[PDB]
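In what follows, a single structure is set out as structure tokens and then discussed.
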Amino acid sequence: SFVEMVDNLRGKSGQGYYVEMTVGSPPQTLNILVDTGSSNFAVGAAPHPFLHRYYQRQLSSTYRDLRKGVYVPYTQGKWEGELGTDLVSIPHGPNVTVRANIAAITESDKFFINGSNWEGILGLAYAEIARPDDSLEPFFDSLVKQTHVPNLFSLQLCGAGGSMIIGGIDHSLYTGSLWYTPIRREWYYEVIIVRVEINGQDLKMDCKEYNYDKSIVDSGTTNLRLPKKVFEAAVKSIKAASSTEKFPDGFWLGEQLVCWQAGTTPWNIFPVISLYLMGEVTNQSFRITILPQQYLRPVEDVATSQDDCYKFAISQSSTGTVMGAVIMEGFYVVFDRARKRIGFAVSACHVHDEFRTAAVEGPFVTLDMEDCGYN
Ligand SMILES: CCOC[C@@H](Oc1cc(C[C@@H]2CS(=O)(=O)C[C@H](NCc3cccc(C(C)(C)C)c3)[C@H]2O)cc(F)c1N)C(F)(F)F
Numbered sequence: 046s047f048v049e050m051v052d053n054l055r056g057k058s059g060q061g062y063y064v065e066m067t068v069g070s071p072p073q074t075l076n077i078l079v080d081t082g083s084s085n086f087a088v089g090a091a092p093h094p095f096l097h098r099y100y101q102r103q104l105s106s107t108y109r110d111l112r113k114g115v116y117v118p119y120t121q122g123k124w125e126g127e128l129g130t131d132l133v134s135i136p137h138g139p140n141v142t143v144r145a146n147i148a149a150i151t152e153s154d155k156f157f158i159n160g161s162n163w164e165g166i167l168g169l170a171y172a173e174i175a176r177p178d179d180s181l182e183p184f185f186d187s188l189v190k191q192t193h194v195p196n197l198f199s200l201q202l203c204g205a219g220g221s222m223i224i225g226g227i228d229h230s231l232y233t234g235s236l237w238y239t240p241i242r243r244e245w246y247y248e249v250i251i252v253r254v255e256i257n258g259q260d261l262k263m264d265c266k267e268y269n270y271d272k273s274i275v276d277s278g279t280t281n282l283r284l285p286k287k288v289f290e291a292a293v294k295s296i297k298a299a300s301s302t303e304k305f306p307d308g309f310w311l312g313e314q315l316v317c318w319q320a321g322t323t324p325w326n327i328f329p330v331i332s333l334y335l336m337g338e339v340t341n342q343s344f345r346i347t348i349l350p351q352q353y354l355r356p357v358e359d360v361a362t363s364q365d366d367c368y369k370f371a372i373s374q375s376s377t378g379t380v381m382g383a384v385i386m387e388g389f390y391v392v393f394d395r396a397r398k399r400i401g402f403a404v405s406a407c408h409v410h411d412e413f414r415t416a417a418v419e420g421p422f423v424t425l426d427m428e429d430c431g432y433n
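For the sequence shown, the positions run 46 to 205, 219 to 433 when the deposited numbering is used.
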């Protein structure tokens with residue numbers, strides 16, 4: 046039941062959201078990063094300074110070596126390993142066990158994060174972007190093929219963990235309307251942004267710029283990442299709105315903290331960002347609104363805990379727009395693979411203060427009939 050699946054995610058700020066999984070027979074328990082931005086299932090399989098535990102293939106009598114190596118370079122972080130298959134379950138997910146491809150990570154560089162409490166990654170996107178190539182069936186494809194669980198999952202990520223509901227939509231997790239944007243191509247979860255506003259002010263760019271060279275929904279990525287030209291415009295606009303206070307250059311590069319005395323964070327001086335997503339109907343769109351409570355990410359370090367400190371969680375990208383965790387937080391996001399669309403609604407843990415609230419609103423109509431896809 047979906048009720049059993051609620052609150053099955055945990056996480057630390059800036060360190061992803063993970064779900065408990067078991068691999069092998071007898072089951073070995075691991076925490077696994079939920080990542081809609083990749084398509085490989087991979088687990089630590091040898092000692093590493095940042096690993097609390099790892100997958101021991103020799104103790105699983107159901108493990109099969111595929112006799113193939115694999116290497117995955119992310120934007121930040123990389124690992125290499127050996128491919129195999131084994132039995133996998135999700136204790137607080139569907140009540141099924143399936144045989145899936147698993148990469149056993151034997152060497153890595155800046156992949157594992159000290160203290161994150163996860164030991165592997167679950168790539169939930171499509172085979173087209175799997176390594177070594179698209180012939181390696183991703184986990185979710187295996188799950189659907191072997192169990193006839195409906196071809197859909199949803200994520201409710203909550204900020205300072220959340221729920222991954224497999225096989226359907228849990229209405230207890232959102233309010234208001236669920237708005238759908240088409241998946242443009244089944245590789246990443248690619249979507250189209252048709253308009254961007256900062257505090258109600260249109261950035262006024264050709265809408266193709268927002269999607270150079272793609273826009274994706276990516277739960278494994280912390281920040282909102284924007285194409286260079288869009289990032290520069292966004293920062294200028296956010297700077298203009300918050301000009302009553304000055305921040306270090308390092309802050310806007312996402313590197314340095316800004317801190318305020320406990321409870322005094324001036325949320326009002328920071329603008330709301332509206333991302334308008336292509337709708338299911340021609341030239342219609344809906345917007346999701348992003349508050350500073352989302353794009354100023356709280357740090358949870360005990361050493362900094364006397365005050366409220368934040369990192370600027372918007373970053374420049376060279377590989378397109380990435381709608382990462384800080385964007386997904388507070389929304390219920392439905393990955394409706396069966397109907398090739400992604401849904402957004404305000405979730406039960408949506409961000410708000412007395413003046414403003416995260417929202418999903420539509421429909422909006424645009425006069426210009428240009429296709430915003432970069433292609
Ligand atoms: C930097 C730490 O952030 C915290 C971050 O940790 C990681 C998260 C990921 C998943 C990545 C994060 S990313 O920023 O690299 C974008 C990428 N999705 C798009 C993409 C870009 C490039 C290549 C590919 C492939 C896999 C299709 C080849 C896919 C995701 O999957 C890999 C890592 F190693 C680490 N640690 C977390 F903790 F999860 F929040």
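Heads up, the beta-carbon is just placed ideally off N, CA and C, and yes, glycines get one too.
Self-check item: Close beta carbons around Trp163, own chain, < 7 angstroms, minus the five adjacent residues each side
Solution: On the sequence shown, position 118 is the one that residue 163 refers to. Answer for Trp163: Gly61, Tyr63, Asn76, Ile77 and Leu78, listed in chain order.
Quiz item: Would DSSP call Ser363 helix, strand or coil?
Solution: On the sequence shown, position 305 is the one that residue 363 refers to. DSSP places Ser363 in coil when its eight states are reduced to three.
Quiz item: Between the C-alpha atoms of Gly312 and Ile372, what's the straight-line distance to the nearest angstrom?
Solution: Locating residue 312 in the sequence shown gives position 254, where the first residue counts as 1. Locating residue 372 in the sequence shown gives position 314, where the first residue counts as 1. Taking the straight line joining both Cα atoms gives about 7 angstroms.
Quiz prompt | Residue from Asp260, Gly126 and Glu419 whose Cα sits closest to the Cα of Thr151 | solution = Along the sequence shown, read from residue 1 onward, the residue named residue 151 stands at position 106. The candidate whose alpha carbon is nearest that of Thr151 is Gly126.
Quiz item: Three or more beta-carbon pairs under 8 angstroms between the stretch 358–368 and the stretch 194–201, yes or no?
Solution: no
Quiz item: Would you say the stretch 388–407 touches the stretch 285–300, given that touching needs at least three Cβ pairs under 8 angstroms?
Solution: no
Self-check item: Proximity to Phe86 [Cα-Cα], best of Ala175, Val339 and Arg345
Solution: Position 41 of the sequence shown, counted from the start, is the residue given in the question as residue 86. When only C-alpha atoms are compared, the closest one is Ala175.
Quiz item: Counting Cβ pairs, one atom from each stretch, are 3 or more of them under 8 angstroms apart for the stretch 249–262 and the stretch 234–241?
Solution: yes
Quiz item: Any idea if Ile327 is buried or exposed, counting beta-carbon neighbours within 10 angstroms, 16 or more meaning buried?
Solution: In the sequence shown, counting from the first residue as 1, residue 327 sits at position 269. Burial call: exposed.
Quiz item: Is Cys407 helix, strand or coil by DSSP?
Solution: The count along the sequence shown starts at 1 and reaches residue 407 at position 349. If DSSP states are grouped into helix, strand and coil, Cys407 belongs with coil.
Self-check item: Residues of its chain near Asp276, where Cβ-Cβ distance is below 7 angstroms and the 5 sequence neighbours each way are ignored
Solution: By one-based count along the sequence shown, residue 276 stands at place 218. These residues qualify, in order along the chain: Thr81, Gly82, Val380, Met381 and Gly382.
Quiz item: Using 8 angstroms as the threshold, is the stretch 413–422 in touch with the stretch 335–350, meaning 3 or more CB pairs across them?
Solution: yes
Practice problem: May I ask which residues mark the beginning and end of the alpha helix (DSSP H) holding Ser83? | Solution: For the purposes of this step, residue 83 is identified with residue 38 of the sequence shown, where counting begins at 1. From DSSP, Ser83 is part of no alpha helix (DSSP H); its letter is neither H nor E.
Exercise. For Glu267, count neighbouring Cβ atoms within 10 angstroms of its own Cβ and tell me buried if that reaches 16, exposed if not.
Key: Counting from one through the sequence shown, the residue named residue 267 turns up at place 209. By the neighbour-count rule (16 or more Cβ atoms within 10 Å), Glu267 is buried.
Quiz item: Does the Cβ of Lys369 have 16 or more other Cβ atoms within 10 Å, making it buried, or fewer, making it exposed?
Solution: The sequence position of residue 369 within the sequence shown is 311, counting from 1. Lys369 should be labelled buried.
Practice problem: Have a look at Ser301 and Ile223 and give me their C-alpha separation to the nearest angstrom. | Solution: Along the sequence shown, one-based indexing puts residue 301 at 243. Along the sequence shown, one-based indexing puts residue 223 at 165. Distance between the alpha carbons of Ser301 and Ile223 is about 42 angstroms.
Quiz item: Which class does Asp178 belong to by DSSP, given the choice of helix, strand or coil?
Solution: Along the sequence shown, read from residue 1 onward, the residue named residue 178 stands at position 133. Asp178 falls in the coil class under three-state DSSP.
Self-check item: Secondary structure of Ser230, DSSP reduced to three states
Solution: As a first step, residue 230 is located in the sequence shown; it is residue number 172 there, counting from the start. Three-state DSSP puts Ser230 in a helix.
Quiz prompt | Closer than 7 angstroms: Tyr270 CB and nearest ligand 1 heavy atom | solution = For the purposes of this step, residue 270 is taken as residue 212 along the sequence shown, with counting starting at 1. No, ligand 1 has no heavy atom inside 7 angstroms of this Cβ.
Exercise. At 3 residues or longer, and completely inside the stretch 267–299: list those beta strand (DSSP E) runs for me, N to C.
Key: 273–275 and 282–285
Practice problem: Tell me whether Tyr99 counts as near ligand 1, meaning its Cβ is closer than 7 angstroms to at least one heavy atom of that ligand. | Solution: As a working note, residue 99 is residue 54 in the sequence shown. No, ligand 1 has no heavy atom inside 7 angstroms of this Cβ.
Self-check item: Closer than 7 angstroms: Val48 CB and nearest ligand 1 heavy atom
Solution: Within the sequence shown, the letter at position 3 stands for residue 48. Not so, every heavy atom of ligand 1 lies at least 7 angstroms from the Cβ.
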